[PDB]
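*Asks:*
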Amino acid sequence: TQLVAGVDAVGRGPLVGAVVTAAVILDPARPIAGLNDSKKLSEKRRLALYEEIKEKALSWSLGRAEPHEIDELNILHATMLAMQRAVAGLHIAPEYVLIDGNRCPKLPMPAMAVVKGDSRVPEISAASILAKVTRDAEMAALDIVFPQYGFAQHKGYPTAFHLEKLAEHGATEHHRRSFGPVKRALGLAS
Amino acid sequence: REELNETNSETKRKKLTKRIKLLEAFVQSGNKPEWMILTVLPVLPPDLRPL
DNA sequence: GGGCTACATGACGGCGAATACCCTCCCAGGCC
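Chains as they are written, first to last, in my numbering: chain A, 554 to 743; chain B, 11 to 61.
1. With residue 732 of chain A and residue 568 of chain A assumed to form a contact (beta carbons below 8 Å), what rounded beta-carbon distance in angstroms separates them?
2. Taking only runs of the beta strand (DSSP E) that begin and end inside the region 687-719 of chain A, which ones reach a length of at least 3 residues, in chain order?
3. Excluding five sequence neighbours on each side, which residues of the same chain lie with their C-beta closer than 8 Å to the C-beta of residue 673 of chain A?
4. Threshold first: 3 residues or longer. Then list the beta strand (DSSP E) segments lying entirely within the region 623-688 of chain A, N to C.
5. Name the chain A residues whose beta carbon is nearer than 8 Å to that of residue 17 of chain B?
6. Taking the straight line between their C-alpha atoms, what separation do you get for residue 741 of chain A and residue 632 of chain A?
7. Taking a cut of 7 Å between CB atoms, which residues from the region 694-725 of chain A lie near chain B?
8. Cα separation between residue 638 of chain A and residue 584 of chain A?
9. If you draw a straight line from the C-alpha of residue 628 of chain A to the C-alpha of residue 581 of chain A, how long is it?
10. Residue 23 of chain B to residue 659 of chain A, Cα distance in whole Å?
11. At the level of alpha carbons, what is the spacing between residue 635 of chain A and residue 678 of chain A?
12. Quick check on residue 21 of chain B: buried or exposed, where buried means 16 or more other Cβ atoms within 10 Å of its Cβ?
13. Taking residue 21 of chain B as part of the alpha helix (DSSP H), name the residues at either end of that continuous run.
14. Return the first residue and the last residue of the alpha helix (DSSP H) that residue 738 of chain A is part of.
15. Can you check which of these residues, A:649, A:653 and A:654, is closest to residue 661 of chain A by C-alpha distance?
16. Among A:699, A:729 and A:706, which has the Cα closest to the Cα of residue 722 of chain A?
17. Can you check which of these residues, A:599, A:620 and A:640, is closest to residue 728 of chain A by C-alpha distance?
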């Protein structure tokens with residue numbers, strides 16, 4: 554109950570890029586504040602928090618899937634194996650794991666899921682902040698490499714802007730080819 | 011100006027163009043941003059505020 | 001001889017910035 558670790562997954566469904574997950578472990582032997590959630594604050598609010606929790610947590614974790622692997626088992630299998638990988642990556646084992654939702658993987662430690670943990674669990678909130686900042690960094694890198702799509706603007710989500718860009722230019726190797734629009738761009742739709 | 015040429019949100023563009031208009035107004039004028047902070051406070055002539 | 005301490009609550013519209021809400025598609029695996 555003292556080494557409770559909570560993991561969260563952000564960017565589960567953006568058309569482009571792989572998913573990213575984290576798992577930060579923190580106990581009450583240091584000061585934490587301003588980490589209620591991540592989907593209601595500003596980007597700035599998320600830039601200090603990323604670093605704040607990075608140095609306040611004893612351990613920090615990461616994990617990501619691949620476009621082929623994701624499309625090979627959808628966003629219900631890959632997403633789970635990604636957080637399994639993230640838990641595997643933790644330097645120190647956690648006697649308690651938390652996963653936003655009502656579904657749990659096959660893990661050797663007693664993991665369990667809680668719904669809407671992003672606004673009640675500071676752990677899951679911090680993990681979501683870390684994983685979201687890493688997503689934003691990856692999308693910035695891709696938009697630098699691919700400036701013709703505007704990844705850094707909409708974060709590769711299913712917006713009308715993204716739909717029109719994928720209809721005009723097409724899909725690259727990074728796009729998840731198992732979704733609809735992307736299949737409609739190259740003609741794989743039945 | 012360089013991030014306005016890349017943003018794609020209407021309200022973001024509006025805020026950016028307002029800020030750019032303010033910055034260009036300051037650049038063109040001889041005004042300085044720090045002049046808003048009053049260090050010397052002038053007073054009205056006594057005849058304009060008589061007793 | 002001489003200076004100092006410097007509460008209402010009974011107002012209607014509109015417009016424009018500040019946020020809070022419903023667009024926007026796109027995933028699935030148990031219920032119809």
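Cβ atoms here follow ideal geometry from the backbone N, Cα and C, with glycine treated the same way.
*Replies:* According to the structure shown:
1. Translated into positions along the first sequence, residue 732 of chain A becomes position 179. Translated into positions along the first sequence, residue 568 of chain A becomes position 15. That pair is a contact at about 6 Å.
2. none
3. Taking the first sequence and counting its residues from 1, the one referred to as residue 673 of chain A is at position 120. So the list reads 667, once near-sequence residues are dropped.
4. 649-653 and 664-667
5. For the purposes of this step, residue 17 of chain B is taken as the residue at position 7 of the second sequence. By Cβ distance, chain A contributes 706.
6. Start at 1 with the first residue of the first sequence, and residue 741 of chain A comes out as number 188. Start at 1 with the first residue of the first sequence, and residue 632 of chain A comes out as number 79. If I take the Cα positions, the gap works out to 24 Å.
7. 703, 706 and 714
8. Indexing the first sequence from 1 puts residue 638 of chain A at position 85. Indexing the first sequence from 1 puts residue 584 of chain A at position 31. Looking at the two C-alpha atoms, the distance is approximately 29 Å.
9. On the first sequence, residue 628 of chain A is found 75 positions in, with the first residue counted as 1. On the first sequence, residue 581 of chain A is found 28 positions in, with the first residue counted as 1. Their backbone Cα atoms lie some 35 Å apart in a straight line.
10. Counting from one through the second sequence, the residue named residue 23 of chain B turns up at place 13. Counting from one through the first sequence, the residue named residue 659 of chain A turns up at place 106. Roughly 47 Å between the two C-alpha positions.
11. Position 82 of the first sequence holds residue 635 of chain A. Position 125 of the first sequence holds residue 678 of chain A. Answer to the nearest angstrom: the Cα atoms are 18 Å apart.
12. Residue numbering aside, residue 21 of chain B sits at position 11 when the second sequence is read from its first letter. When all chains shown are included, residue 21 of chain B counts as exposed.
13. Here residue 21 of chain B is taken as the residue at index 11 of the second sequence, counted from 1. Its alpha helix (DSSP H) spans residues 20-38.
14. The count along the first sequence starts at 1 and reaches residue 738 of chain A at position 185. Per DSSP, residue 738 of chain A belongs to the alpha helix (DSSP H) from 733-739.
15. For the purposes of this step, residue 661 of chain A is taken as residue 108 along the first sequence, with counting starting at 1. Cα-wise, what sits closest to residue 661 of chain A is A:649.
16. Taking the first residue of the first sequence as position 1, residue 722 of chain A is located at position 169. A check of alpha carbon separations from residue 722 of chain A across A:699, A:729 and A:706 identifies A:699 as the nearest.
17. For this step, residue 728 of chain A is matched to residue 175 along the first sequence. Nearest C-alpha to residue 728 of chain A: A:620.
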